[PDB]
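There are 2 protein chains.
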Amino acid sequence: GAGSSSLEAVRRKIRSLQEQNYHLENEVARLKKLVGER
Amino acid sequence: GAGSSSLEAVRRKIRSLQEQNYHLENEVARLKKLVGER
């Protein structure tokens, strides 16, 4: 009743988000490195 | 859905990763728009 937060749902969200975290992290990081204008 | 185990750890990893997703998403995005190099 007053508990549960979808383990499978959060499991796929955690794993998925994780991938995106490293994807956006490396994307942004590499983005700057690629940019590094001025 | 269902589970009951580290729901807090995963819930925090999901919530955290989520925030980072939107943080890096809005960051990178605004970046590519900011960098607009080359």
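Residue numbers (PDB author numbering), protein chains in the order written: chain B, 1 to 38; chain A, 1 to 38.
Beta carbons are placed, not taken as given, at the ideal position from N, Cα and C, and that holds for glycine.
Span separating the alpha-carbon of residue i from that of residue j
| i | j | result |
| --- | --- | --- |
| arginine 11 of chain B | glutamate 25 of chain B | 20 Å |
| residue 115 of chain A | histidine 23 of chain B | No statement about residue 115 of chain A is possible, as the shown extent of chain A runs from 1 to 38 and does not include it. |
| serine 5 of chain A | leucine 34 of chain A | 42 Å |
| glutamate 19 of chain B | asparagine 21 of chain A | 10 Å |
| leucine 7 of chain B | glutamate 8 of chain A | 10 Å |
| residue 39 of chain B | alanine 2 of chain B | For chain B, the structure presents residues 1 to 38; residue 39 of chain B sits outside this window and is missing. |
8 Å contact criterion, which residue i and residue j should meet: CB distance rounded
| i | j | result |
| --- | --- | --- |
| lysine 13 of chain A | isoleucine 14 of chain B | 5 Å |
| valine 28 of chain A | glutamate 27 of chain B | 6 Å |
(request) Could you name each continuous alpha helix (DSSP H) segment of 4 residues or more that falls completely within the segment 8-33 of chain A, going from the start of the chain to the end? (result) Within the segment 8-33 of chain A, no complete alpha helix (DSSP H) run reaches 4 residues.
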